[PDB]
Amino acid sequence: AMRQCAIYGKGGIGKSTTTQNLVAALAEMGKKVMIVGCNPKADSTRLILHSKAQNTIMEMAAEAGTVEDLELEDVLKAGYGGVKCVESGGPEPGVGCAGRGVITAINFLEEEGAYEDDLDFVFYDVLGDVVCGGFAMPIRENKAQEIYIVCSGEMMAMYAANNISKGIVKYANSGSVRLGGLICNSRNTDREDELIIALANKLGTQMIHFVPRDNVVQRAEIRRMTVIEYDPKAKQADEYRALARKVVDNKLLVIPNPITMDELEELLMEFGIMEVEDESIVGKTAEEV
């Protein structure tokens, strides 16, 4: 029973680092896993392969002329734990849709049969900075049924998480696509552990894990490797193991309930990241009030 998963979330909060460390812990569970990277920069596999940047299907279809002129040897690599690694590649900037890099990539892996081969998990590392039909490709073409959203106690991350949810909603009533939970990637904001459980409930799922911000994640990272690989005996290593536990063992897959902007500011004001408004000074000069 090979399960199809995707890790969606906003950029710059270290989504990929957690995707890769989660996956590394699952290979330590003895699960064969394949990461399909879907970002324009090739950052979705570089901790598993010890790479500066893995070569992408777009760059190499450009070398060969078309996609059929490519063989799986150099498209799909494997590293720590025989974790298979593809990078889809980015759209030609300013002209292509991002989504077509990702279909080109899934189609190329269905055809050279990497999907029905021995695998336990597929994980698509997808950006959530814009929730358009471009980035919703693995949702719409029913390639990822289990979506876990990475966020933090901060507006844009949570905004992203809600919008990803609205998309799961449209496609839920014509497929197996469900939200399996949220993951807080700590930004050391005061009581964000709580904030993301609050959000996870008003959406109808759980906060399946709180990932703290250790120092070792950064020290393993400058070595182009995971914390599971660098120091298995650290606190943080156990954090990812525990997340990878919960993901196998999870059966709480839902069709979420998106909130409003007003409701979202509630959550941010209540837990104190957002400042409680004063319209008694809105629109007034330095001098007036």
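Counting begins at 1, following the sequence as shown.
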| Out of 58-66 and 45-53, which one has CA B-factors that are higher on average in the deposited record? | 58-66
| request: Decide which of the stretches 192-200 and 160-168 has the higher mean C-alpha B-factor, going by the entry. | output: 192-200
| query | Looking at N185, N173, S88, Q145, which has the highest Cα B-factor in the entry? | reply | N173
| task | Could you tell me which one of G181, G128, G113, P93 shows the highest CA temperature factor in the PDB record? | result | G113
| field | Position of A24 among the chain's modelled residues by C-alpha B-factor, lowest, middle or highest third | value | middle
| said: Among the modelled residues of this chain, does the Cα B factor of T205 put it in the lowest, middle or highest third? | reply: middle
| query | Comparing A244 with the other modelled residues of its chain, is its CA B-factor in the lowest, middle or highest third? | reply | middle
| message | Among the modelled residues of this chain, does the Cα B factor of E154 put it in the lowest, middle or highest third? | response | lowest
| message | Ranking every modelled residue in this chain by its Cα temperature factor as given in the entry, which third contains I255? | response | middle
